[PDB]
């Protein structure tokens, strides 16, 4: 009762995309597998599904450039060519779904990005707290994670010991074609100077880890 995608990442506009959905927990026969995708901030979009039947079904926009195959040793695949920088950049989901039975789960999703641009690791800058970031008892600090590509990047605080008060915002794509991200946390202002606040940034695509100390200014 689990599904996982794989083989995502940065793809060139002429490239051919290939994902694999590994089903480990249920016999593939007599279980339909769907591919859905979601562009950042937008709705769900069905690509196609491969029935338990063995038959294959496609949305009209993907039928001409997509093939779904299964290798019934716990494998199903989506090939998509004519990769369009614009449209095809998105999170790709594979789901076991039964139109008629109470069996349905989706995978976590895998990021796919189409761009002639290349991978870049992030730069982490402090958002030091100051009087312009205090409000009596509370003070705001954070991280600016600037100029990285592609998504995504994960952000922790004090190695996960701080979660209440933390807002990590959706990454935004800059006029330069790179991504930028902000992570902020409200902390007690009296605690500054004695309590240390460390921003843990992980950007697996470029395999970098950073830990910026956010100090008062």
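Positions refer to the first chain, counted from 1.
Stretches 60-68 and 144-152 differ in mean C-alpha B factor, with the higher average recorded for 60-68. Legend: mean Cα B-factor per stretch from the PDB entry, 71-79 versus 113-121; the higher mean is in 71-79. Out of 130, 91, 101, 85, the entry records its largest CA B-factor for 85.
Residue 26: CA B factor in the highest third of modelled residues in this chain (values from the PDB entry).
Among the modelled residues of the chain, residue 137 sits in the middle third by CA temperature factor in this PDB entry. Ranked within its chain, residue 42 lands in the middle third, by CA B factor from the PDB record.
Compared with the other modelled residues of the chain, the Cα B-factor recorded for residue 186 ranks in the lowest third. Looking at the C-alpha B-factors along this chain, the one for residue 164 belongs to the middle third.
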